[PDB]
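J.: Need coordinates for the following:
(one chain, ligands or ions: 1)
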Amino acid sequence: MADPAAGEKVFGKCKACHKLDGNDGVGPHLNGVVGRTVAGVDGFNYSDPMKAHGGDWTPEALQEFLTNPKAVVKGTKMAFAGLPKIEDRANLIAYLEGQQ
Ligand code: HEC
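T.: Numbering: from 1, shown residues only. Dropping the coordinates below:
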């Protein structure tokens, strides 16, 4: 279910750490994330297992990482448990494709 207006509501879990208006605080800026390199913001202090993992943030890699982030990148500083429903993951990834 690729819906950006419902994905803004699921981004309610992300907005307390991650900033869409080009800014890097507790988490980095999620405006321009789909297709971006893993640890690829020169500006945010990333953990060493995020730099040693590598690749780029595709829809398949994002739905695995938003299911459990400390199981996929083993030793990331992201304190988030998971999005369990496929519907909520497809809604939020459609909003990350709008904020691209
Ligand atoms: C604060 C408690 C966070 C919440 C809630 C969410 N994330 Fe986060 N995110 C946070 C940190 C501290 C980090 C950096 C981890 C590191 O290895 O240094 C991140 C990282 C992500 C990333 C990777 C970003 C990139 O490399 O460009 C993604 C894709 C990410 N987080 C996505 C995301 C989403 C969509 C969330 C809401 C469901 C979410 N994060 C919550 C901190 C926190």
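J.: how far away is the closest residue to residue 30 other than its chain neighbours from residue 56?
T.: Nearest residue to residue 30 in three dimensions, chain neighbours excluded: residue 18, at 4.7 Å (CB to CB, 6 or more residues apart in numbering). Placement of C-beta: from N, CA and C, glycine included. Separation of residue 18 from residue 56 (CB to CB, to the nearest Å): 18 Å.
J.: before we move on, back to that, assess the claim that the residue nearest to residue 30 and residue 27 are in contact.
T.: Yes: taking CB atoms under 8 Å as the definition, residue 18 is a contact partner of residue 27 at 4.0 Å.
J.: Which stretches in this protein count as helices?
T.: Ranges of helices in the chain, per DSSP state H, are 4-10, 48-53, 59-67, 69-72, 86-98.
J.: nearest to residue 79, of those?
T.: helix 69-72 (8.6 Å; CB to CB).
J.: Kindly report the residues of the protein close to the ligand.
T.: 13-14, 16-18, 26-28, 33, 36, 38-39, 41, 46-47, 50, 57, 66, 76-80, 83, 92 (CB under 6 Å from any ligand atom).
J.: Which residue of residue 18 and residue 56 possesses the greater neighbour count?
T.: More neighbours surround residue 18 than the other of residue 18 and residue 56, with 19 against 11 (other CB atoms under 10 Å).
J.: can you tell me which residues contact the more buried one?
T.: By CB atoms under 8 Å, 6 or more residues apart in numbering, the residues touching residue 18 are 25, 26, 27, 28, 29, 30.
J.: Please list all residues in contact with the first one.
T.: Neighbour list for residue 25: 17, 18, 19 [criterion: CB under 8 Å, 6+ apart].
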